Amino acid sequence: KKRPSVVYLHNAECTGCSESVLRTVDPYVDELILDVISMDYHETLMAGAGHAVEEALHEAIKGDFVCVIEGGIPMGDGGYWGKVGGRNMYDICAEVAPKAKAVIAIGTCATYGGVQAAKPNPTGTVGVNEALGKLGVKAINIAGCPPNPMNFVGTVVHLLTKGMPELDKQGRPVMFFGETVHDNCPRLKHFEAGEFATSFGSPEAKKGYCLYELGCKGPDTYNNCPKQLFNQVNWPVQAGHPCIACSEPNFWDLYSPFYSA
């Protein structure tokens, strides 16, 4: 019973956040769950099903554990829009989250509400701190759609060894979310010089000019994409596409249309 216990809940989500975790390197996911933590509940991966895993969750939340929540929590009209084993997702989270030693909201859905919370939000979905704040829950927000695997795993490690990290106003760990994408973008020199691509097929785009005039929201977006990269190889702007602000609260409505400034 040596490794720290982690309980991982899936709510209103696309599971892209769970997948991003599988992309972790140093440690790799096998090292993470065999040597670093004990993954005591995770629906995507577990061998048993039905009643057997619900019993596992019941036992696990009696101990000292960290709670990880993926996806938004539907609260519209009583919250029946999302159910697991007959239970509304709100009730599951309300039971589990307040018991944890610490809670992590992974992905923009869990932090701020995400894609389903975009207008007109038919399920009345909200984020973790908005749903469970009255119960005393104060979650660390790992934002992104999905976040960089290093921002999640780095945060778990930090929690295990150093404690609660310092957060910004939106609950994001300052050690990862302290600067905008734009501050660290290799195309910053073009932006300041006024060197923009005006269409995706122009010589300027082929030359790698700044994408600001094609919609890029880097200047308003807090994340570490340019320096960290994804999958150790790439990131949106390097691949010629504007940033769509995926780590910002309400980005779906506040930063679209995506292809205009």
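Position 1 is the first residue in the sequence shown; the rest follow in order.
The deposited model assigns a higher average Cα B-factor to 30-38 than to the other stretch when 30-38 and 215-223 are compared. When the mean C-alpha temperature factors of 155-163 and 90-98 are read from the deposited coordinates, 155-163 comes out higher. Taking the PDB entry at face value, the top CA B factor among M75, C145, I106, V128 belongs to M75. In the deposited entry, the Cα temperature factor of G178 sits in the middle third of values across the chain's modelled residues. When the CA B factors of the chain's modelled residues are split into thirds, the value for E70 lands in the middle one.
Annotation for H190: CA B-factor lies in the lowest third of the chain's modelled residues. Ranked by C-alpha B-factor against the other modelled residues of its chain, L254 falls in the highest third. For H58, the recorded CA temperature factor ranks within the lowest third of the chain's modelled residues.
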